[PDB]
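Taking the form deposited in one PDB entry, here's one chain by itself in structure tokens.
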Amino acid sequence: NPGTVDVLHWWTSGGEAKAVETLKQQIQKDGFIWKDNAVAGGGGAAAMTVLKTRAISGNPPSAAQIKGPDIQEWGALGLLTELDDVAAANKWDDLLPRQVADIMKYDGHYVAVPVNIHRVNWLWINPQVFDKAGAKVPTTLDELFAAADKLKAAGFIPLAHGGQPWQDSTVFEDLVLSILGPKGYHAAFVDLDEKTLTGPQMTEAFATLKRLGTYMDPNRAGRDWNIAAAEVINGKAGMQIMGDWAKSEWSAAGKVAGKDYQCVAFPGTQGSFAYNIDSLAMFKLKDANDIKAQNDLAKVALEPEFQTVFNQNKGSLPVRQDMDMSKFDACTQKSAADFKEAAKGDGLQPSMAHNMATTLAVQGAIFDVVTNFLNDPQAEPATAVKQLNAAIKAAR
């Protein structure tokens, strides 16, 4: 046995699978065995359940898709391996933005390797559906509702949305970023500031979320994010509020920007970039050949060729800084420009819904408040903000 790579991840949709296939291929070309542990469940909760079993099993995966502050917990447990030598040889501190490199370190040592930078705060449009409905691509919340009114009148699903908590909170966080702005967003989700969490603007975010719910399919419970994307691709819906992993579904269907889809910053979030960094935390392994395979995985993750093909298929930006951005599609080039702009000011903000801003316990509290609210058409925004602050406090 040359050594086996076992990555625990949740890349299972048609688009996500095309991306992870590029990793499988490179590992095989490098002469190692690929043994997949893909665990289906958008946003990763199902994967995390499997991980919690496997991690203290004595047979951990080579790596697992573990993001944000949660990397600190796995590092604190002593389960991850330090990557000093591979990081030095492959110049990771030079290749990675400082903001990103810090997330990957436990007590100053790399313990995880990033593969991308997803943008969460996108809105996906089907321009052909917009043309049929006489609708205008929205740049403001008011325009978003105007477009939704027209799509509805035209007999389309205005907003294709799946009723799962992480999806609900993806929409909610877009609203918070839009209404509060990036500094307010940071105060609420990173600093967990009580006055922000319970303020009039957060209250208005909940009122806006409730209205948005009136423009979704009432029987959307359980609908996977790729199902929602398909409604837009197939011309049944006008819009989807989702990160740029949605682009992977458009690309996998052979669709092109302008003609088939557009993406625009979520209305009112122009200038802000809510980032989601997929990273592979590397577990301490026992088997010598599997350690060699793991070291190969760590090398591959930031190789220029892999950074290109993975991210072309995945819908995200590459995380490596020296890349020829002209090799990506127009939407990814827009993402790059928007990242650069955001990074100059205070616009670059970690996604709460995608595990970058908070611990998982705090995220879970927020998810519960937001679905409970959106599940109840009669719910009150003033109560929601009190529950939001209270539940966050109890989760810590």
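Heads up: residue numbers just count along the shown sequence, starting at 1. Definition used throughout: the rigid core is the maximal C-alpha set that superposes within 1.5 Å between two forms.
The mean C-alpha temperature factor is higher for 366-374 when 366-374 and 350-358 are set side by side. Stretch comparison (227-235 versus 142-150) by mean CA B-factor in the PDB entry places 142-150 on top.
Within the selection 165, 222, 271, 114, the deposited Cα B-factor values reach their highest point at 222. Looking at 338, 329, 70, 36, the one whose CA carries the top B-factor in the deposited record is 36. When the modelled residues of the chain are ordered by C-alpha B-factor, residue 318 sits in the lowest third. Among the modelled residues of its chain, residue 252 has a C-alpha B-factor that falls in the middle third according to the deposited record.
Residue 75: CA B factor in the middle third of modelled residues in this chain (values from the PDB entry). Compared with the other modelled residues of the chain, the Cα B-factor recorded for residue 244 ranks in the lowest third. Among the modelled residues of the chain, residue 55 sits in the highest third by CA temperature factor in this PDB entry.
Only in words, not in the display: the form deposited in another entry, which the text now covers.
Among the candidates 30, 368, 346, 341, the CA atom that moves 2 angstroms or more between the shown form and the other one after core superposition belongs to 30 alone. Shown in the overlay between the shown form and the other one, fitted on the rigid core, is a CA shift at residue 15 of 2 Å or greater. Residue 68: CA moves less than 2 Å between the shown form and the other one after rigid-core fitting. After superposing the rigid core, the C-alpha of residue 359 moves by less than 2 Å between the shown form and the other one.
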